[PDB]
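Have a look at the structure below, then the notes.
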Amino acid sequence: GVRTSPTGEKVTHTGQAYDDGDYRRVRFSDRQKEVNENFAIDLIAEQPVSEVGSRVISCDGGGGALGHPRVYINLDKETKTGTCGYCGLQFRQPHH
Amino acid sequence: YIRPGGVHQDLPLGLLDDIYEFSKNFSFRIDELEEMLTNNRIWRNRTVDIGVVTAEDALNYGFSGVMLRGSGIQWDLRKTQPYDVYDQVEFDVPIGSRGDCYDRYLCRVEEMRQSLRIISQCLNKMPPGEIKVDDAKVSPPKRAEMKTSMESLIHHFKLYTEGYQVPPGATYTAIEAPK
Amino acid sequence: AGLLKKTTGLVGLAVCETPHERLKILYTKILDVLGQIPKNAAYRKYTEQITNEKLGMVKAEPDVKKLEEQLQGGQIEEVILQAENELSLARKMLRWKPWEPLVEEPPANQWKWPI
Amino acid sequence: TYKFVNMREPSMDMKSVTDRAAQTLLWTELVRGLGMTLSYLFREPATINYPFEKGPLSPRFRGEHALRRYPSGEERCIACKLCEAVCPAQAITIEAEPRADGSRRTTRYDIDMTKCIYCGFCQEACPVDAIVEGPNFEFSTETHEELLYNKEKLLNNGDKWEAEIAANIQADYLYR
Amino acid sequence: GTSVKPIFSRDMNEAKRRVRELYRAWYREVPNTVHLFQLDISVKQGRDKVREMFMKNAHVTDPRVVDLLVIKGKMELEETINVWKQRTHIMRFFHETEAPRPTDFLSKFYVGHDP
Amino acid sequence: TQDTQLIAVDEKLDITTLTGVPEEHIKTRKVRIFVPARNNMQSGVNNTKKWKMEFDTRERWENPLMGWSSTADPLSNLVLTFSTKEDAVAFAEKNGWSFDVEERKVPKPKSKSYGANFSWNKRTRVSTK
Amino acid sequence: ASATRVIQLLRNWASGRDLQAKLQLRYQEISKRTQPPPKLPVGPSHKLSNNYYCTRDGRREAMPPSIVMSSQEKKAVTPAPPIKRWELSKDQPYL
Amino acid sequence: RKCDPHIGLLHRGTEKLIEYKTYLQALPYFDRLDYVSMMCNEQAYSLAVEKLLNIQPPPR
Amino acid sequence: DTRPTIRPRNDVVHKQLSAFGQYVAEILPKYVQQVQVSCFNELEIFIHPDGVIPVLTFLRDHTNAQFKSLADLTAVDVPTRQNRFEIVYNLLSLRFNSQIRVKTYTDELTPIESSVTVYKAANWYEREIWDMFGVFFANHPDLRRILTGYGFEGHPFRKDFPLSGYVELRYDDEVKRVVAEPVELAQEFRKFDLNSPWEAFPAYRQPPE
Amino acid sequence: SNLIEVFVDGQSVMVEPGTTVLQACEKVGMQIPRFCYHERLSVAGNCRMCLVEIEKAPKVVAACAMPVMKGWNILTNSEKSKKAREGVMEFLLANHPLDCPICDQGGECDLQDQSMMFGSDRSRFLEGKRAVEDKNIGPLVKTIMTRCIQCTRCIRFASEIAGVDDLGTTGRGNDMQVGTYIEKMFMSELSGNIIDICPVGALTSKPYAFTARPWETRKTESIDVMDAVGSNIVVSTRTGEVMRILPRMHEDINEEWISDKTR
Ligand code: SF4
Ligand code: SF4
Ligand code: SF4
Ligand code: SF4
Ligand code: FES
Ligand SMILES: [K+]
Ligand SMILES: [Zn+2]
């Protein structure tokens, strides 16, 4: 979800938004900023949480060799769905 | 492509056949070159007997390759100092008699034919083997092993941060360039 | 001997019409120029051994063909050049005086590899 | 083994001198040169009709960096910065920061197109195949600035191509 | 270890000697280099440019280095005489484009953190 | 031992004029040495064995564009190497440069006794290994 | 390929060669651009046993340059045996 | 009579940057050394480095 | 050498260079400081500065050495060592297919009489050394700045010379000519501290000096 | 005197009695690989990485805790010592999670650099791994306990140096975990010091986390000002701003430890 600034300046996922007083905004008129509308924060948020009944789940991320190293995910935290640092896919432990 | 410790990537499937397709016809185009240039009197009278250089003067000037072989000097790096597998392959060294621009020109085009010979032998001598040394401290581990094993992860990580630790010393490893 | 060759295989260097006796007389030159060198000097004991030997096989068979493979010096015409080069040295160190000991040891760790 | 080149000897007999004298007076090797070019005139050309015809390439082509994304949607680059360390021209400029979710994500990923060399080292660096060189070469520009790429352009390039480069690494990761 | 090999200047006078004709040639050099190279610089400020270059480094006392700038200055002159150097190279000594660096501590302070 | 018209040079060598560094960069540049302290997170020691020539850091203004750290300090990126401080100062004085010294960080004697970690009337007993 | 017959004999005559036997443009001999999955081999030392790095550690095997003479009967010797004269190529002895 | 082939017009301090980079990043310099026979330069660099490393390349 | 990772050693010629090294050492012990060979069958005999003439004149003319192919005239700065500049020769023997290499030590000022006589190939190399490292050589026919820019300042491969340099260039309209301003980089060279603090090779380790 | 001469790998050097093998090795300059041993901290002898073979012995001696005897040849480069080094090194590395690009210790990891020099060039592990629940303590130090090699340096630098009971080694065998069992928040004034003692990224600095990496930083040394001690510190400017503070070793003022308020 891209957000706009008061001067109509759409913000990027990093949060950069040049204010009106910034002289560095003059390259922006007559032209445009390229904004990755697919904000990386919310195309992972809508992804569901898979249910695997094990204490440690591999996280290859699909594609076999095409993915991220198979860092093993610890699954015993009931209050925290264990997510992978590489791909961010949240993994869960069946509700006992 | 050629990196310390082997070669980076492997030959794509079918490319060796394409090399044979090109090699089988490249001999024709050099017959076209020699016919166009070598025989024509304009090419000779403009380029032969021009820029001669004596053998002792040539070598003592630090010259090499086509400078020496064209000007009578009998020396080639592959034949004398055999580096890599160049000893196994067979070829001829087209040295010249006088050593002018024309003689050097003919020396180049005869090495071209000799290059085709070396291509023929090595292409038919392709072995079953890996493309890079089996030493992860100098060669990057396979991408399948990259994301599978911890040693491979570290070894590629460190090789791609600082590289590899080369033992001290110095050398003058020299091979003949096509120049 | 045989038929005198037309090309030596190297431009500039020509076939000598007087192969062996020319090489012999310049070889006697490199015996005598070596004379004014003291015997304890190493270059003498190397040279007169290498001198007095190849003065032998040249007079061992006056023919050009066999003598190419007596010395492994290639064609005789370049042996004239190289023996002349050896003559040049004997004149060179007649003034170099390279036999008293090493001039001075190198400044501290002047090689020291690695640092 | 060796071989001379210019060691042909001219024959002095009546026949041989006649051909050489005929060659000098009646230019024949010159006509031989003429015949070579004329035979090539009737030879079909090999001129690729750009832009409608385009030269061949290989699935390994390197150019036009573009960050990719996982099938879920999140971008691949975890800011492991091996590409930065490897980059032999130091064209890459990456600054990391802990994202609000918790996993890393580069807040600054500029690769200067006119410092880069397209050596293909960067794809071999990141183990998550985050940055790759796409098949594009059709990004010539008229101002020096637009060559200076950033994270936003890199992602936009990735989303633009993705599908083409998706099959490229699928047919090449076996070799790698 | 104070005793070391000299290049050309066995003493100070020979170092003073070589500086002399170096300026003799260079003083005779300024009017024409402007003339051929079409430099918009009068002869006068060309001449004393060589002057303050000459004592911009005329403070060192080691005889081994002073003649090294002599040959360095010697050959900077040779490169100029034969139109090898171009307009940018001759002008390059005549610094134009940069503003004078600060003189008082007030000016050092006002520009930035630089000293 | 090298007798060829040698000149008895009694003055310290000053090669500063040959190297032709800018005058503002030979006086207004404090040049310092020390042997690097080991990176505390890394127990390895094979880096605190050499002296280095490093300089003072000038200003680093952010670029008006994307934001590279534009610098105008050519001498900043000049980390040299030195086997001993005596050779380090020798380079410093040979091209006379405003310099300061620093002493080699030398380890102290760690009196280690694994038998001490367990005791009867001594308090160095460790509760958990 | 392409061309017609009477053109071929025209360029065949003018060049004195049969160009139709082999040309300089690829038509159908080119290998198919898409290829099967290239199952690559493994390393020569790829084994779960007796492959410790104690054996193959070439970087470690290197020894500092072996010193023989330092500042701090006999016979003459050569740096290498004198080279031997190559013979004419029996394939093409004279161009 | 006398010829002076002045050079430098393309000069790049190739080995000056080679010192600051490591061996792998140094490899593209060699490919750009001779812009005619590029991989032959790669051959020389790879042979030199693996000569110091006391490691020989695989026969393939 | 059943293992294919390490390169095989070659002992027959390895002993041959050492024998030849002693052979050269005994002849001219006035100038050879020390001689040694490495693992990769590369022998190096070390000479004194004023020895550029006869040692090469030896290798160029000896009937049993005859090293005439001048390979390269390199220099290696070592700031630690007093004679930081280390001029390195390299010769190749045509008949005996070997590579000799002689190197000396030299200060910034101390000269070397030009070895263009033994090898005129050194002449063109000799220009580069004074351009590239800055070491002046005595009695040189024409020792010129040939590879660096016209009117350059200093010697770039002295390890005290910045990689970026000292002067940058641009075309200036108000003078209609290229003006050499001091460098002002758009981006600073991000130096990388690439030195593992653990022992790399116990073999070549320097003992406590 | 009572000094004892020991012919370490040949070269013979005297040393005070009771001195362990490592001090003899580093006396020559032999940096013997170690993980669970830090100079000013109690001895564990746990990692078994400093196993070096002593001459005239049928067993490899644990050089960490073992004192030196009257005359001994430390086989530093022997095959047996390197075999012992290789066996335990891949042993620690076996259960190590594959997060070098993710873990902040990348480029300043002992487990990384040691494997470059004293390590294999491939793997022989085919089974799965073990993942540990990340103990959450402090908004100032981050714990990734799957990366822990259980060198117990944290627990000793805690109980001896900090003099506070904070961490434990709860569990048994492969399942023994370094932590607090019951949840807490370790809060010492010098709490920001275990980050550096940790040979791996099991404990890292939260604010500096995911911000900069070794080769970018150009370390500059200075002293602390937050306290009257004036602790020697190392600044970590990367591109014109300060990332992290390292406790420069000087012994008298601060050794190589600095309190949180300074780092
Ligand atoms: S292709 Fe090479 S130069 Fe370009 S960004 Fe990648 S690593 Fe850097
Ligand atoms: S190497 Fe790949 S994963 Fe690492 S920072 Fe660069 S793009 Fe991201
Ligand atoms: S601590 Fe573990 S994950 Fe982190 S860099 Fe070291 S080996 Fe890699
Ligand atoms: S958390 Fe770190 S210091 Fe503590 S035992 Fe584990 S690896 Fe050692
Ligand atoms: S370091 Fe000695 S056993 Fe862990
Ligand atoms: K740590
Ligand atoms: Zn994952």
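In the structure tokens, the first chain shown is A, the next is B, and so on; residue numbers restart at 1 for each chain, and ligands run from 1 in the order shown.
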
Using only C-alpha atoms and all ligand atoms, what are the residues with an atom within 6 Å of ligand 6, set out as a count of residues only?
9

Using only C-alpha atoms and all ligand atoms, find each protein or nucleic acid residue lying at most 9 Å from ligand 7; present the set as a ChimeraX atom specification. /A:58-62,67-73,83-90

Could you list, as a ChimeraX atom specification, all residues that come within 7 Å of ligand 3? Count only C-alpha atoms and all ligand atoms. /B:154 /J:96-107,109-112,147,200-202

Using DSSP secondary structure from the backbone, list all strand (DSSP E or B) positions within chain I, as a PyMOL selection string.
chain I and resi 6+32-37+43-47+67-70+74-75+85+87-88+91-93+99-100+103+106+167-172+177-182

Could you pull out the alpha helix (DSSP H) residues of chain G, going by DSSP on the backbone, and write them as a VMD selection string? chain G and resid 5 to 15 58 to 61

What residues have any atom no more than 9 Å from ligand 5 when counting only C-alpha atoms and all ligand atoms, and can you list them as a short mmCIF file (atom, residue, chain, number, x, y, z; two decimals) with N, CA and C atoms, in the first residue's frame?
```
data_model
loop_
_atom_site.label_atom_id
_atom_site.label_comp_id
_atom_site.auth_asym_id
_atom_site.auth_seq_id
_atom_site.Cartn_x
_atom_site.Cartn_y
_atom_site.Cartn_z
N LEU J 22 48.59 -23.44 25.64
CA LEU J 22 48.31 -22.31 24.75
C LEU J 22 49.28 -21.16 24.99
N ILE J 32 47.00 -21.01 18.53
CA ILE J 32 46.29 -22.29 18.52
C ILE J 32 44.79 -22.02 18.46
N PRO J 33 44.05 -22.68 17.57
CA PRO J 33 42.61 -22.40 17.45
C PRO J 33 41.87 -22.72 18.74
N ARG J 34 40.99 -21.80 19.14
CA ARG J 34 40.24 -21.94 20.38
C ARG J 34 38.90 -21.23 20.24
N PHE J 35 37.89 -21.75 20.95
CA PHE J 35 36.60 -21.08 20.98
C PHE J 35 36.17 -20.73 22.40
N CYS J 36 36.27 -21.68 23.33
CA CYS J 36 35.74 -21.49 24.68
C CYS J 36 36.77 -20.93 25.65
N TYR J 37 37.88 -20.39 25.16
CA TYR J 37 38.95 -19.89 26.01
C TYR J 37 39.22 -18.44 25.65
N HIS J 38 39.08 -17.55 26.63
CA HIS J 38 39.41 -16.14 26.47
C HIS J 38 40.40 -15.77 27.57
N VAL J 43 38.87 -21.16 32.50
CA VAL J 43 39.11 -22.16 31.47
C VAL J 43 37.96 -23.16 31.47
N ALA J 44 37.51 -23.54 30.27
CA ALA J 44 36.45 -24.53 30.11
C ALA J 44 36.97 -25.84 29.56
N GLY J 45 37.80 -25.81 28.52
CA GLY J 45 38.27 -27.02 27.89
C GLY J 45 37.14 -27.81 27.27
N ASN J 46 36.20 -27.10 26.64
CA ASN J 46 34.95 -27.68 26.18
C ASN J 46 34.89 -27.89 24.68
N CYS J 47 35.28 -26.88 23.89
CA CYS J 47 35.15 -26.97 22.44
C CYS J 47 35.97 -28.10 21.85
N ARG J 48 37.02 -28.54 22.53
CA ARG J 48 37.94 -29.54 22.02
C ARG J 48 38.58 -29.13 20.70
N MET J 49 38.59 -27.82 20.42
CA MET J 49 39.17 -27.33 19.18
C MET J 49 40.68 -27.14 19.33
N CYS J 50 41.14 -26.83 20.54
CA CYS J 50 42.55 -26.65 20.83
C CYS J 50 43.27 -27.97 21.07
N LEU J 51 42.62 -29.11 20.83
CA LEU J 51 43.29 -30.40 20.86
C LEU J 51 44.49 -30.42 19.92
N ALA J 62 44.41 -32.26 25.59
CA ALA J 62 43.57 -31.06 25.57
C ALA J 62 44.41 -29.89 26.04
N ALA J 63 45.00 -29.17 25.09
CA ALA J 63 45.96 -28.12 25.43
C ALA J 63 45.33 -27.01 26.25
N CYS J 64 44.00 -26.89 26.23
CA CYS J 64 43.33 -25.78 26.91
C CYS J 64 43.64 -25.77 28.40
N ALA J 65 43.25 -26.83 29.11
CA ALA J 65 43.41 -26.86 30.56
C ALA J 65 44.69 -27.55 31.00
N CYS J 151 29.78 -22.80 23.85
CA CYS J 151 31.13 -22.65 24.37
C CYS J 151 31.12 -22.20 25.83
#
```

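By only C-alpha atoms, and with residues fewer than 2 positions from residue H:44 along its chain excluded, the set lying at most 12 Å from it is residues 2, 3, 4, 83, 84, 171, 172, 173, 174, 175, 176 and 177 of chain B; 27, 30, 31, 33, 34, 37, 38, 39, 40, 41, 42, 46, 47, 48, 49, 50 and 51 of chain H.
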
Each residue of chain I lying at most 7 Å from chain H should get a row with its shortest atom-to-atom pair and the distance in Å to one decimal, counting only C-alpha atoms; could you produce that, ordered by chain and increasing number, as CSV?
```
residue,atom,partner,partner_atom,distance
I:5,CA,H:55,CA,5.6
I:6,CA,H:55,CA,4.0
I:7,CA,H:56,CA,4.4
I:40,CA,H:51,CA,6.9
I:146,CA,H:7,CA,6.3
I:147,CA,H:8,CA,4.3
I:148,CA,H:8,CA,5.8
I:149,CA,H:8,CA,6.8
I:157,CA,H:16,CA,6.7
I:163,CA,H:16,CA,6.7
```

request  = Please check which protein, DNA or RNA residues sit within 10 Å of ligand 2, counting only C-alpha atoms and all ligand atoms, and write them as a ChimeraX atom specification.
outcome  = /A:68,86 /B:160 /D:65-68,75-87,92-96,104-106,109,111,121-132 /J:101-102

Resulting file, chosen residues, N, CA and C atoms, as a compact mmCIF listing (two decimals), in the first residue's frame:
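Contents of the output file part_25.txt:
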```
# COMPACT_ATOMS: atom_id res chain seq x y z
N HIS A 68 16.05 -20.32 -1.06
CA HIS A 68 16.98 -19.89 -0.03
C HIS A 68 17.50 -21.10 0.74
N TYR A 86 14.94 -15.66 6.05
CA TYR A 86 15.21 -15.51 4.63
C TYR A 86 13.96 -15.07 3.88
N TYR B 160 33.64 -15.14 -1.24
CA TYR B 160 33.00 -13.99 -1.84
C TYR B 160 33.05 -12.75 -0.96
N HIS D 65 20.52 -5.39 -14.37
CA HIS D 65 20.22 -5.92 -13.05
C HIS D 65 18.75 -5.72 -12.70
N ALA D 66 18.20 -6.70 -11.98
CA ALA D 66 16.81 -6.62 -11.53
C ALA D 66 16.56 -7.55 -10.36
N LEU D 67 16.25 -6.99 -9.19
CA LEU D 67 15.92 -7.81 -8.04
C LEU D 67 14.64 -8.60 -8.30
N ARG D 68 14.61 -9.82 -7.79
CA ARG D 68 13.48 -10.71 -7.98
C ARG D 68 12.66 -10.77 -6.69
N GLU D 75 10.42 -9.60 -1.63
CA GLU D 75 11.62 -9.54 -2.45
C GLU D 75 12.71 -10.43 -1.87
N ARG D 76 13.59 -10.91 -2.76
CA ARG D 76 14.60 -11.89 -2.41
C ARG D 76 15.73 -11.31 -1.56
N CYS D 77 16.13 -10.07 -1.82
CA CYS D 77 17.34 -9.54 -1.21
C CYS D 77 17.18 -9.39 0.29
N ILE D 78 17.93 -10.19 1.04
CA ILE D 78 17.95 -10.13 2.49
C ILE D 78 19.08 -9.23 3.00
N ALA D 79 19.71 -8.47 2.11
CA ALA D 79 20.85 -7.62 2.45
C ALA D 79 21.98 -8.45 3.05
N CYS D 80 22.36 -9.51 2.35
CA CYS D 80 23.53 -10.30 2.71
C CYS D 80 24.82 -9.68 2.19
N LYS D 81 24.72 -8.74 1.25
CA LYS D 81 25.80 -7.84 0.88
C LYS D 81 27.05 -8.55 0.37
N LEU D 82 26.93 -9.82 -0.03
CA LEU D 82 28.03 -10.45 -0.74
C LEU D 82 28.25 -9.81 -2.10
N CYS D 83 27.17 -9.37 -2.75
CA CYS D 83 27.30 -8.67 -4.02
C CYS D 83 28.10 -7.39 -3.86
N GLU D 84 27.87 -6.66 -2.76
CA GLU D 84 28.63 -5.45 -2.50
C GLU D 84 30.11 -5.76 -2.32
N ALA D 85 30.44 -6.78 -1.52
CA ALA D 85 31.83 -7.13 -1.31
C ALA D 85 32.48 -7.63 -2.60
N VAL D 86 31.76 -8.44 -3.37
CA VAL D 86 32.33 -9.01 -4.58
C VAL D 86 32.53 -7.96 -5.66
N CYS D 87 31.58 -7.04 -5.82
CA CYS D 87 31.50 -6.14 -6.96
C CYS D 87 32.85 -5.51 -7.28
N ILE D 92 27.85 -1.16 -6.54
CA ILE D 92 26.73 -1.46 -5.66
C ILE D 92 26.86 -0.62 -4.41
N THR D 93 25.74 -0.08 -3.93
CA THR D 93 25.69 0.71 -2.70
C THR D 93 24.48 0.23 -1.92
N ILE D 94 24.72 -0.55 -0.87
CA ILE D 94 23.64 -1.14 -0.08
C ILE D 94 23.77 -0.68 1.37
N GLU D 95 22.67 -0.17 1.92
CA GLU D 95 22.56 0.15 3.33
C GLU D 95 21.40 -0.64 3.93
N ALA D 96 21.68 -1.38 4.99
CA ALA D 96 20.70 -2.25 5.61
C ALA D 96 20.02 -1.57 6.79
N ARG D 104 15.51 -8.63 7.58
CA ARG D 104 16.21 -7.55 6.91
C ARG D 104 15.49 -7.16 5.62
N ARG D 105 15.82 -5.96 5.15
CA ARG D 105 15.44 -5.50 3.82
C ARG D 105 16.25 -4.25 3.53
N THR D 106 16.86 -4.21 2.35
CA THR D 106 17.72 -3.09 2.01
C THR D 106 16.91 -1.82 1.83
N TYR D 109 19.51 0.37 -2.28
CA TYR D 109 20.18 -0.56 -3.19
C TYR D 109 20.37 0.15 -4.52
N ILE D 111 22.82 0.41 -7.77
CA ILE D 111 23.91 -0.09 -8.58
C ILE D 111 24.09 0.90 -9.72
N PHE D 121 29.07 -11.32 -11.61
CA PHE D 121 29.52 -11.78 -10.30
C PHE D 121 28.41 -11.68 -9.26
N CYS D 122 27.52 -10.69 -9.38
CA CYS D 122 26.58 -10.40 -8.31
C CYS D 122 25.56 -11.52 -8.12
N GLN D 123 25.09 -12.13 -9.22
CA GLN D 123 24.17 -13.26 -9.06
C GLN D 123 24.83 -14.42 -8.34
N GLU D 124 26.10 -14.69 -8.65
CA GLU D 124 26.84 -15.74 -7.96
C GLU D 124 27.11 -15.41 -6.50
N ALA D 125 26.90 -14.16 -6.08
CA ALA D 125 27.21 -13.77 -4.71
C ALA D 125 26.08 -14.14 -3.76
N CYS D 126 24.90 -13.56 -3.95
CA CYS D 126 23.84 -13.75 -2.98
C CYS D 126 23.28 -15.17 -3.08
N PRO D 127 23.26 -15.92 -1.98
CA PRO D 127 22.77 -17.31 -2.04
C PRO D 127 21.27 -17.42 -2.23
N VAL D 128 20.54 -16.31 -2.17
CA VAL D 128 19.10 -16.33 -2.38
C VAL D 128 18.74 -15.95 -3.81
N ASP D 129 19.71 -16.02 -4.73
CA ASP D 129 19.57 -15.56 -6.12
C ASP D 129 18.75 -14.28 -6.20
N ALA D 130 19.11 -13.32 -5.34
CA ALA D 130 18.34 -12.09 -5.24
C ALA D 130 18.53 -11.21 -6.47
N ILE D 131 19.75 -10.78 -6.73
CA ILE D 131 20.03 -9.97 -7.90
C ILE D 131 20.50 -10.87 -9.03
N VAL D 132 19.96 -10.64 -10.22
CA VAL D 132 20.40 -11.33 -11.43
C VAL D 132 20.53 -10.30 -12.54
N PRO J 101 24.56 -15.46 5.74
CA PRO J 101 24.08 -14.18 5.20
C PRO J 101 23.15 -13.44 6.13
N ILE J 102 22.40 -14.14 6.98
CA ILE J 102 21.49 -13.49 7.92
C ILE J 102 22.18 -13.10 9.22
```

With 12 Å as the limit and counting only C-alpha atoms, what residues in chain G lie close to chain D? Please list them as a PyMOL selection string.
chain G and resi 1-20+23-27+32-42+84-95

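By only C-alpha atoms, and with residues fewer than 2 positions from residue A:19 along its chain excluded, the set lying at most 10 Å from it is residues 5, 6, 7, 9, 16, 17, 21, 22, 23, 24 and 25 of chain A.
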
Written file, previous selection with N, CA, C and O atoms, as an mmCIF file, in the first residue's frame:
```cif
data_model
loop_
_atom_site.group_PDB
_atom_site.id
_atom_site.type_symbol
_atom_site.label_atom_id
_atom_site.label_comp_id
_atom_site.auth_asym_id
_atom_site.auth_seq_id
_atom_site.Cartn_x
_atom_site.Cartn_y
_atom_site.Cartn_z
ATOM 1 N N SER A 5 2.362 11.802 0.335
ATOM 2 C CA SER A 5 2.718 12.886 1.239
ATOM 3 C C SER A 5 1.767 14.057 1.043
ATOM 4 O O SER A 5 0.932 14.049 0.136
ATOM 5 N N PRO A 6 1.850 15.086 1.896
ATOM 6 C CA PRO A 6 0.963 16.250 1.715
ATOM 7 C C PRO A 6 1.070 16.911 0.349
ATOM 8 O O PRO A 6 0.058 17.406 -0.162
ATOM 9 N N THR A 7 2.254 16.938 -0.263
ATOM 10 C CA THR A 7 2.420 17.520 -1.589
ATOM 11 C C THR A 7 2.142 16.522 -2.705
ATOM 12 O O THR A 7 2.642 16.700 -3.823
ATOM 13 N N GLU A 9 3.257 13.513 -2.894
ATOM 14 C CA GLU A 9 4.437 12.692 -3.133
ATOM 15 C C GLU A 9 4.230 11.317 -2.507
ATOM 16 O O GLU A 9 4.192 11.182 -1.281
ATOM 17 N N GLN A 16 11.035 7.045 2.407
ATOM 18 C CA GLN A 16 11.543 8.317 1.914
ATOM 19 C C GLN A 16 10.402 9.177 1.386
ATOM 20 O O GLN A 16 9.578 8.717 0.592
ATOM 21 N N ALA A 17 10.369 10.438 1.816
ATOM 22 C CA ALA A 17 9.366 11.388 1.338
ATOM 23 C C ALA A 17 9.978 12.783 1.439
ATOM 24 O O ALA A 17 10.034 13.360 2.529
ATOM 25 N N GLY A 21 9.984 21.923 1.410
ATOM 26 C CA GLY A 21 11.141 22.789 1.549
ATOM 27 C C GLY A 21 12.409 22.231 0.939
ATOM 28 O O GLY A 21 13.366 22.984 0.727
ATOM 29 N N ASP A 22 12.442 20.931 0.659
ATOM 30 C CA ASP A 22 13.614 20.320 0.048
ATOM 31 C C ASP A 22 13.775 20.796 -1.388
ATOM 32 O O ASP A 22 12.882 20.607 -2.220
ATOM 33 N N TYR A 23 14.920 21.417 -1.677
ATOM 34 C CA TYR A 23 15.236 21.821 -3.041
ATOM 35 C C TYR A 23 15.399 20.632 -3.975
ATOM 36 O O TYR A 23 15.284 20.794 -5.194
ATOM 37 N N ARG A 24 15.666 19.447 -3.434
ATOM 38 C CA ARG A 24 15.886 18.251 -4.234
ATOM 39 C C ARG A 24 14.599 17.687 -4.826
ATOM 40 O O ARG A 24 14.625 16.594 -5.401
ATOM 41 N N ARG A 25 13.483 18.400 -4.699
ATOM 42 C CA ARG A 25 12.218 17.989 -5.288
ATOM 43 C C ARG A 25 12.026 18.508 -6.705
ATOM 44 O O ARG A 25 11.049 18.127 -7.358
#
```
